[PDB]
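Peer 1: Handing you this structure, nothing more for now.
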Amino acid sequence: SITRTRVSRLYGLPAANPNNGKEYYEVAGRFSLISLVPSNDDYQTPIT
Amino acid sequence: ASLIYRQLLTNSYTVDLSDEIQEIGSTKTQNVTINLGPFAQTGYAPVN
């Protein structure tokens, strides 16, 4: 809200000071991904 | 006149160094390990 105004009990994030003093917002977790990465294992190397 | 046969058989070791000469004179070429192997019949994900 904004004291001394008619804007009261509005729901949302105001863009005036979003960080609110914090150095950074952090979120932890894991994640798995598929890829088509290249390899031989171990062919195309010299015969010896 | 069998001295040709006898001397050929005796001096047949010279062929090895003659081959050495022809080898160090000729060009060189080496191949790599190659795979025929099993290869998977892999398509793409179903996309939209």
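Labels for the structure tokens follow display order: chains A, B, ..., residues from 1 in each chain, ligands from 1.
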Counting only C-alpha atoms, what are the residues of chain A within 7 Å of chain B, and for each of them which pair of atoms is the nearest and at what distance in Å, to one decimal? Sort the table by chain and rising number, as a Markdown table.
Peer 2:
```
| residue | atom | partner | partner_atom | distance |
| --- | --- | --- | --- | --- |
| A:43 | CA | B:33 | CA | 5.4 |
| A:44 | CA | B:33 | CA | 5.1 |
| A:45 | CA | B:32 | CA | 5.3 |
| A:46 | CA | B:32 | CA | 4.1 |
| A:47 | CA | B:32 | CA | 4.7 |
```
Peer 1: Would you put the residues from that selection into a file with C-alpha atoms, as a PDB file, in the first residue's frame?
Peer 2:
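Listed below is the output, result.pdb:
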```
ATOM      1  CA  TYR A  43      37.573 -45.256 -32.908  1.00  0.00           C
ATOM      2  CA  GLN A  44      39.125 -43.038 -35.632  1.00  0.00           C
ATOM      3  CA  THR A  45      42.472 -43.188 -33.774  1.00  0.00           C
ATOM      4  CA  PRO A  46      45.589 -44.603 -35.515  1.00  0.00           C
ATOM      5  CA  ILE A  47      45.671 -48.405 -35.791  1.00  0.00           C
TER       6      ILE A  47
END
```
Peer 1: I need the residues in chain B that are alpha helix (DSSP H) according to DSSP; give them as a compact mmCIF listing (two decimals) with N, CA and C atoms, in the first residue's frame.
Peer 2:
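Saved the output as part.txt:
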```
# COMPACT_ATOMS: atom_id res chain seq x y z
N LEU B 3 76.62 -72.49 -60.03
CA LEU B 3 77.07 -71.46 -59.11
C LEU B 3 76.07 -70.32 -59.00
N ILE B 4 75.25 -70.09 -60.03
CA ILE B 4 74.23 -69.06 -59.92
C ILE B 4 73.19 -69.46 -58.88
N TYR B 5 72.67 -70.69 -58.97
CA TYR B 5 71.72 -71.18 -57.97
C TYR B 5 72.32 -71.13 -56.57
N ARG B 6 73.54 -71.65 -56.42
CA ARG B 6 74.18 -71.67 -55.11
C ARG B 6 74.37 -70.27 -54.55
N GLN B 7 74.85 -69.33 -55.37
CA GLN B 7 75.11 -67.98 -54.89
C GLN B 7 73.82 -67.22 -54.63
N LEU B 8 72.77 -67.47 -55.42
CA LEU B 8 71.47 -66.86 -55.17
C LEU B 8 70.94 -67.29 -53.80
N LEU B 9 70.83 -68.60 -53.59
CA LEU B 9 70.41 -69.13 -52.29
C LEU B 9 71.27 -68.58 -51.15
N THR B 10 72.59 -68.55 -51.33
CA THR B 10 73.48 -68.08 -50.27
C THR B 10 73.24 -66.60 -49.97
N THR B 14 70.47 -60.47 -48.95
CA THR B 14 70.54 -59.12 -49.51
C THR B 14 69.17 -58.58 -49.91
N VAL B 15 68.23 -59.47 -50.22
CA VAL B 15 66.87 -59.05 -50.57
C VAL B 15 66.23 -58.26 -49.44
N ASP B 16 66.56 -58.59 -48.19
CA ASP B 16 65.96 -57.88 -47.06
C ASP B 16 66.38 -56.41 -47.05
N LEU B 17 67.67 -56.13 -47.24
CA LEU B 17 68.10 -54.74 -47.27
C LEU B 17 67.69 -54.06 -48.57
N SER B 18 67.50 -54.82 -49.65
CA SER B 18 66.93 -54.23 -50.86
C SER B 18 65.49 -53.77 -50.62
N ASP B 19 64.70 -54.60 -49.93
CA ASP B 19 63.35 -54.21 -49.54
C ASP B 19 63.39 -52.99 -48.62
N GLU B 20 64.35 -52.96 -47.69
CA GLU B 20 64.53 -51.79 -46.84
C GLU B 20 64.77 -50.53 -47.66
N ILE B 21 65.65 -50.62 -48.66
CA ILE B 21 65.90 -49.49 -49.57
C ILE B 21 64.60 -49.05 -50.24
N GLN B 22 63.89 -50.00 -50.85
CA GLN B 22 62.65 -49.66 -51.54
C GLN B 22 61.62 -49.07 -50.59
N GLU B 23 61.64 -49.47 -49.32
CA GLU B 23 60.68 -48.95 -48.35
C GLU B 23 61.02 -47.53 -47.93
N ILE B 24 62.26 -47.30 -47.48
CA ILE B 24 62.67 -45.95 -47.10
C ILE B 24 62.64 -44.98 -48.28
N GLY B 25 62.72 -45.49 -49.51
CA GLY B 25 62.57 -44.64 -50.68
C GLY B 25 61.12 -44.34 -51.01
```
